[PDB]
Amino acid sequence: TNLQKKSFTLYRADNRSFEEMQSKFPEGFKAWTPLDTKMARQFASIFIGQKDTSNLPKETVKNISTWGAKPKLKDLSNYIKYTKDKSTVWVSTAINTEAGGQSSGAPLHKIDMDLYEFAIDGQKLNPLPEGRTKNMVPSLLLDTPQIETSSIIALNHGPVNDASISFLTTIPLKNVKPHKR
Amino acid sequence: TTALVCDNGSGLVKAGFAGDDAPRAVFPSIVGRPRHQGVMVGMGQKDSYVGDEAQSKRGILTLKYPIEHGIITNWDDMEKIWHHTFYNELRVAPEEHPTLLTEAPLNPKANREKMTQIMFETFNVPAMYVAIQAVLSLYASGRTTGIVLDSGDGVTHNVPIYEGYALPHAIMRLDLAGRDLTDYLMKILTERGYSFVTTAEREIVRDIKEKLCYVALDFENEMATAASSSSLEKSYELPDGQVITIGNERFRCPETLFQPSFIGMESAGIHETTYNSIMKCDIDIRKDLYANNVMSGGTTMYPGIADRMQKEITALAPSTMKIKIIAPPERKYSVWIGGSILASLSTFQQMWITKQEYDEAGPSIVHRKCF
Amino acid sequence: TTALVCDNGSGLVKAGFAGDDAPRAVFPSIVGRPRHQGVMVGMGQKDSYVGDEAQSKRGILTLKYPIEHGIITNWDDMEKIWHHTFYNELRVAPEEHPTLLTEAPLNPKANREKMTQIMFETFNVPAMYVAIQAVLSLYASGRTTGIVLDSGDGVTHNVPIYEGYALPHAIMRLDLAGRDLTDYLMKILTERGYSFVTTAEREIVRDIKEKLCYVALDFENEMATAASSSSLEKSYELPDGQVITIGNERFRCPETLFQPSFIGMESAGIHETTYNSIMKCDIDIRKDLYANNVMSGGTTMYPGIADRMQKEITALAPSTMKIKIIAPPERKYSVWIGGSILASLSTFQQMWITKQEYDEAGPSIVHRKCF
Amino acid sequence: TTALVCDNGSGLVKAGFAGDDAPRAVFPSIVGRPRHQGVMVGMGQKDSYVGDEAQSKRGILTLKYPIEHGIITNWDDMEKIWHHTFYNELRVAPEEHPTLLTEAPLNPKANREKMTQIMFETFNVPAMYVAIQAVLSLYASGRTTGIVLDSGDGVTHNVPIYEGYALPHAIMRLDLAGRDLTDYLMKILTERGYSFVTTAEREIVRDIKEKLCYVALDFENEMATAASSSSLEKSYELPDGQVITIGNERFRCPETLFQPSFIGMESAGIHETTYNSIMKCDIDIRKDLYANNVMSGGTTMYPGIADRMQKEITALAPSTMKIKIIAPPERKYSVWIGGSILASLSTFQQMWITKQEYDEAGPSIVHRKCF
Amino acid sequence: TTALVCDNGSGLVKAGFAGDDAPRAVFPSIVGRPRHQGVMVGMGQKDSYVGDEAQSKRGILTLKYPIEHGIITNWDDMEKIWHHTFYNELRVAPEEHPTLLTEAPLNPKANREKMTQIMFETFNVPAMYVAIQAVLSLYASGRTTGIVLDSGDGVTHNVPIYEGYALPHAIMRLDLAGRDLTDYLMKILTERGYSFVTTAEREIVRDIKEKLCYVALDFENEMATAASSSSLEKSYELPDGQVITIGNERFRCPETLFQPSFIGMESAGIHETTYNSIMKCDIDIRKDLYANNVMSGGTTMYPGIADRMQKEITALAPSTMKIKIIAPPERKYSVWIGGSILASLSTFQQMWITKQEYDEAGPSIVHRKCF
Amino acid sequence: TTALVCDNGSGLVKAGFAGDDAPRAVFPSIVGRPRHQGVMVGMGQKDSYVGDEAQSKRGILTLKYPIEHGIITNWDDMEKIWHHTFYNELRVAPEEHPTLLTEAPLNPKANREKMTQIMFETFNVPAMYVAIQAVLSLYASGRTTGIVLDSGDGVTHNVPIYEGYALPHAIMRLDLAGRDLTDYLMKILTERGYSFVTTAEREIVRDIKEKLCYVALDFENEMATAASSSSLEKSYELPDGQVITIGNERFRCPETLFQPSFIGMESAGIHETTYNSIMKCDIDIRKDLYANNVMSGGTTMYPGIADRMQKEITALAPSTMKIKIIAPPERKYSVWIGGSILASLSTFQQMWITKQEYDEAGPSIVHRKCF
Ligand SMILES: NC(=O)c1cccnc1
Ligand SMILES: [Mg+2]
Ligand SMILES: [Mg+2]
Ligand SMILES: [Mg+2]
């Protein structure tokens, strides 16, 4: 019964220094072993259900096999937080320049996004004009009022302040500028 | 299926339902019995009083702590706390739900066997798990890497964690804790000349310690200033309406943490051990740990403690390298909060040790699972 | 239709597509497995790590090279290198294309038999060829009469070729390589007294070696000057921000190549072997090879080494004859670049050995193609 | 040139010349003022009477001590005691000599600040030193490693010393003393029903305590025997010619020191504290302190007290280790005797703080010199 | 005329006259200064205490070693050690005699520069020689071909010698030593739950290690047996008369030398290094070095170590070849004993480097003679 | 008066008295000097070592042969060989007797010039004779028409003689020898993959060659059988107890002598040369030499060599004529044996050139006597 969009400002600190990053990538920031956008939409769909098929890198198939019961969102959030090698299929983002990583000498890059936001019982995605991002349930963010568009899928989990957002979808230079270390 | 989370802490014990983000009860982990006979007929007095009961009757009463540093010393009185916890505060039966229990990083094996044996045989619980307190704290900050610093009501200890691997050899323990700061605080008030003796009087001091006291940014200049200027001075009023005044003493307490030599303790001030634990790491990781550093537990709550820490490691200057401190609010609760997250996770359905499996294995399997 | 060009190197491994002029991937040929349990639930740890991952996680890890000199000792780790190479680095499926593999000029037949069997059976390639590194290096300058010197992470070897003919009797081998310089450099840094032990420290040593070090134009006069003058000394900063200073060691390392007696190796300094291998030529050819001489591989990369080679062989003076060195830039890549060009040629379409033919012949025919 | 040594005690005050081996004056530390009019004209009655004079007029009088437990409450009247002491008791003028003064081991700064200020400003002495009773007691036997016990009319305290180093943290103080035994004996005699009230009768109690009373080796066997047999009873005759008999009361008083709970005090019996102070010592020295242990002061005067001390510490059994007690005769005088011996020593010419330095520094230097 | 033989050891220091066959004094290399103010007048306290005095006063004190593996960090305290050694232990004046000094086989030049400079300037000696511990150890049994294993309080190192020629490249060093075993034993006793912290307790730990501990002949069977049977346990009594019992720890400690991975040290267990050092020799000598093998230094003292060493190196089985161990008695003294024998020999009259020559040459001549 | 008999060999040197039938000493013709500093005092090391001692010390040492093919390269060391021979090996003084000295059939005049000059000036001999090995070899069976084959460590050569007249033109020499077989054997050992490099291993190669290796009667059939069958293989164990296995190499070695093209040598196989030397004779003399032809020396020791020589020249078929070889035992000694027999004969009293005549004439008279 509503459409509203809210806009979020995000920082990345990375050894692909801006001038080189922009030189080598025409296509901005990406994961090591990225899914298709179609496959990533399937993956995000599995949290609703319809899990009868898998098409994606087998290591992640092992992870989702682990999460047999419904409320996949918690285990997904944990797994994406702690796993760190090349196998990962996402990019991870920090809101406050405090990133849990090199966080020094690394330049910092600034990205702006406008999004719809959802909290999930396990079967529906439900409007959050009030954002409810202080209670430490995960939150899920979509480009559009339904899963189909799948142009960005990103979720937000952590404390209210030390919050972190991660994306199953390319973050092109179109979104991104150089920013003040 | 909703697990239950229950905590053992040398000062305070916190009780939770899995999936909550705040504990439903907190009470002092204290066991008490009356110092005098009592005279009115039919008053129907209990044998003993525990937790909150002890504050109301405090004058008539004698107090024990069942916890010392990282050791339990009095299993029957310790048992009485758990008994009180489920029935009165939560009003839930133990077999219904699994239970979660916490331990300091290095303690003699015998404690975990008793805790394990009692939980199955006395409370007939479906399942029980044991977890190591420094690790749970990291879950509440939720970063891949970070040195953990803990100081609680009874122990001080360090554990570095990198990318999910602990390094058993770098673990360091220091027996400097809130109890000693309180004993030290009794002697400086003795300078003014108030009498304070016996545990009941001892606890009244703790309130002043928790409210008024603060860290100096430099001990020598601040104390020289305080000798000249009244503005530091604070005055305070007891439950009996007698009134108390404090001077240089307000800063003198936190100074203990940086110079045990004031109290004749010898194992170095916490930064110096903290610096030593990083130095005992491999030459690569050292850079990465300056990058993230985590503090937990009631002793950290004091104002300004983080500021003094930074200057100390900066003064050690392991390098021309950036140094930072993560001192998030709600720091005291964070150790419980992490337990709530971990109880929700799917994978634990593997980790839960069943009553049936414990009966098959016997106790020895329960320690082997970890340190 | 584009065949594949693949390289085996004691330090670095290079993979190529026909028509590239720069290697598509290069990464350290290292395989690593974890030293510690790991503790955080759901972390999803791997069995093992390879290439850059091992550098990123270097502190927690223990490191192997699957190569010795030119021997291989651990076939499954080698396979894991190839597996990771094709799927992650190239993202091309192996059956698509025939495959090209490289070996040092004298190595025991069993290695090539293993590579043949594995390449056909595991990766279902259409055809396979094996090729001898000096020749591909020579293609970088294509001269139809050539003398070749190679020194890589694990071997130093000689082959003269005339009008497209190599001379088996002239083949000479010296097993002095970067590994020996690294051990020697650890002992000389021990002279100042810094600690360096275990593989993680070994890689930092290798970085210092590549950045700071250089060849002396005369060992005795330079070292006598260095004893007086500070100006030679250089200072450098570790990942830990600890800082390092170097003196005589900077020239003293390369001197090993000119005097194996410093390390107790006995086969003469590299110029003396080069001259002796020429001496095994016919009395006519000697002039023709003094005129042009070809060098390849990472050890040569150092600054000024050719100058000392020139002065030393001039002083050896096989005759009053002109002396020259062919030391082209970007020399390290040249072995791959040459492999790509020769891989392009039509005749290789004759040379590609099919799986069907391998089953008909058996393996021995694959050795038969050359020495 | 003979300095003067002067002692402040809630019961007895002692004045001395260096080289004496018995105190030149001892008198009850008592100040008295008349409760009644008085009737003979021109009798020229005083404001107050002191010591034996005050004992002589005891019936007409109401009585004050100017000190408690350590603490002075009336600086001008205390001064009146000192004034009377210098002029009347010793018949020597006070300005003549430097002065030596004693304090219990932990008391609020104000006592030394006032005593310093008053003694310099009023009596204009040339130089001064202040000394701490445990140390002076230790000089009585000069042994270089000692733990010391004193218990007087107003304080009981312990100090371990080893080889001339104090251990600031091990110092422990307990304010349980003979006055409390006097109250306890008053309440049980009220149980039997003799009247005892007002200070004069309290002085009678003190006399009766000193003559009649003795220590039990076990309270329970003592009480079981005394309950049957009169033979324990002893009889004594008052100044009023009233006559007194004692039963269980004879032993029951000293027994209190081993169980403060009889009076509802909580801080453990003094031996239990001494043992706690030993446990609060370093783990090496403890054997050597069991090796030598020193007892002093009027409470020790009781018969048999060493035996009970021995049995209590043996039953605590810190180990199967030798334990010993030094209970020399003339123990009461020993704190002064030691003060005189130490007063003779040459090195003290450093320790005497001059009036001139007091005017330059102000008082704080006098506290600062030590505890 | 009798030259002097002097030893530097991270635990014990030994001083000798040429022609003695037992060291005249040996004492722990420890320097200590007081932690507390001190209180008794005229006690005349020292600045510091050394050797046995420091052991006697151990409780009051905080303790340093001036040695690190093979490094000195505090030249003045080391000097104070020498000062005490010459004047007190030998009671001979230093100028009288030429001097003999010992160093671990690979240590930074600055140590020999300081020892030379200080010995000449402070002790005005006539002549000096510096000597390398493995060689002196070999003289203890005089075999003209030897391979030597030494492990002392701070370093473990290997030297093969053949017919009087050393091979500089085969020398291997490992920084695993008694200090690390002591830290490991402290952590495992904390596992049982006895308290041990601060250096004073550390020396008690070293004593316990020396008495109770022994090597296991098989780790797996021994630990499986100990898990079943109490009978292994042994009990021992502290200076405090508190009493201690030990179980699995008894074998578990020495096992560290064969598996550094227990403590996270990485350079392989000592047998594997010994085997590698022989393998790093030429192919002829290898038989002759399996033929004779020599052990020295306090770590070897353990019971049964030779049997396990023999079986482990036999299990590597470089061949069906004879293996032998030379474990002569008085093994600890042998490093000094060899120095005494070699000091007796005539040829040293060439080797003594005079003070006059050192002033003429400067320091470098004393280093140039060797490493 | 008993003359002395002396032999020159790139491997072995033989010294004799006329009328022995076995040489009193034979030892490897090797001179060695030390590669390393040496450290043990008084070891009394030599400058250099020669013969069997050098084999004993082989590992510590670097090795030279002072003779090549038929040339001396280091006259002073060669003299040291002779010096050691006369004094140590023979224990006879050289001046006593005339002396007999040997040269291969074609070597530049300077060698005889040096031997003559040195023998006269240094050894003060009375008279001297020089003798040529082919003739002495022929004397072993005294047959009046003969062609002779000898092959040693550095040269292989043939001489036909008829009825006591030499044919200056028919003498043929070939410098293909055991050293070249040693190089081939090293490359084939590299085929299997054992490491063998540096002189110490080289001597092991020579031993292995002498025991294991044998001649094939036809290379192609032998290799076809050996490719299928293990049964040919034999296994052998080094001084290091390392163990070696050999296959095709066992026959593959001797075959090299018949096809130099395998090693890149160009001068035809040796039988073809022997036949070529035969071809410049008349068909009768050719006939008489085909009927019987004589072979000597270590290369002949191989099993079956007569069969291969016979069949190869038979296939050459100079005619339908019988061909034979006389290869009697102790064949190696025969050149000396012949020298001794010829030394006995009366006629030699003419051949001895006196020292006086040499001094008058100079050397050329010594040349004039023969080639
Ligand atoms: N490089 C970054 O900003 C970052 C933020 C969160 C997690 N990992 C990396
Ligand atoms: Mg008193
Ligand atoms: Mg030693
Ligand atoms: Mg010969």
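All chain F residue numbers match Swiss-Prot; in order, they span 7-377.
This entry, so its header tells us, was determined using electron microscopy, 3.8 Å.
For all residues, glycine too, the Cβ spot is worked out from N, Cα and C.
If you look up Swiss-Prot, you'll see F:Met46 (among others) marked as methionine (R)-sulfoxide. The Cβ of F:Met46 (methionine (R)-sulfoxide) has 18 neighbouring Cβ atoms from other residues within 10 Å, across all protein chains displayed. A coil conformation is recorded for F:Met46 (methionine (R)-sulfoxide) in the three-state DSSP classification, outside any helix or strand.
Under the heading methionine (R)-sulfoxide, Swiss-Prot lists F:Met49 (among others). In the structure as shown, the Cβ atom of F:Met49 (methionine (R)-sulfoxide) sits within 10 Å of 13 other Cβ atoms.
Residues within less than 8 Å, Cβ to Cβ, of F:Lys63 (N6-malonyllysine) and separated from it by at least 6 positions along the same chain comprise F:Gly38, F:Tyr55. For F:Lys63, the entry in Swiss-Prot reads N6-malonyllysine, with the evidence type similarity to another entry.
Secondary structure from DSSP puts F:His75 (tele-methylhistidine) in coil. Taken from Swiss-Prot, the feature tele-methylhistidine applies to F:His75, supported by experimental evidence.
Residues or ranges marked as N6-methyllysine by Swiss-Prot: F:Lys86. Around F:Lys86 (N6-methyllysine), the same-chain residues six or more apart in sequence whose CB sits under 8 Å from its CB are F:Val37, F:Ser54, F:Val56, listed in sequence order.
If you look up Swiss-Prot, you'll see F:112-125 (among others) marked as region 'Interaction with alpha-actinin'. Counting same-chain residues at least six beyond the ends of the region 'Interaction with alpha-actinin' (F:112-125), those with a Cβ under 8 angstroms from any Cβ of the stretch are 76-78, 81, 85, 105, 131, 134, 136, 163, 177, 179, 364, 369, 372-373.
In the three-state DSSP assignment, the secondary structure recorded for F:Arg179 (ADP-ribosylarginine) is strand. Among the features that Swiss-Prot reports, ADP-ribosylarginine is placed at F:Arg179, with the record citing a curator's inference.
Same-chain residues lying 6 or more positions outside the region 'Interaction with alpha-actinin' (F:360-372) and placing a CB less than 8 Å from one of its CB atoms are 118-119, 122-123, 126, 130-134, 136. According to Swiss-Prot, the feature region 'Interaction with alpha-actinin' maps to F:360-372 (among others), an assignment based on experimental evidence.
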Could you measure between F:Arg179 (ADP-ribosylarginine) and F:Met46 (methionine (R)-sulfoxide) for me? Cα positions, answer in whole angstrom.
50
May I ask for the distance between F:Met46 (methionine (R)-sulfoxide) and F:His75 (tele-methylhistidine), taken between their Cα atoms and rounded to an integer number of Å?
40
Cα-Cα distance linking F:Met49 (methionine (R)-sulfoxide) and F:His75 (tele-methylhistidine), given in Å to the nearest integer
37
Three-class DSSP secondary structure - F:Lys86 (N6-methyllysine):
helix
If you draw a 10 Å sphere around the Cβ of F:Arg179 (ADP-ribosylarginine), how many other Cβ atoms fall inside it, taking every protein chain shown into account?
17
Take the region 'Interaction with alpha-actinin' (F:112-125) and count its residues per DSSP category (helix H/G/I, strand E/B, coil), listing them in that order.
10 helix, 0 strand, 4 coil
Taking CB atoms only, which of the modified residues F:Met46, F:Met49, F:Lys63, F:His75, F:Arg179 fall under 8 A from chain E?
F:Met46, F:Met49, F:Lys63
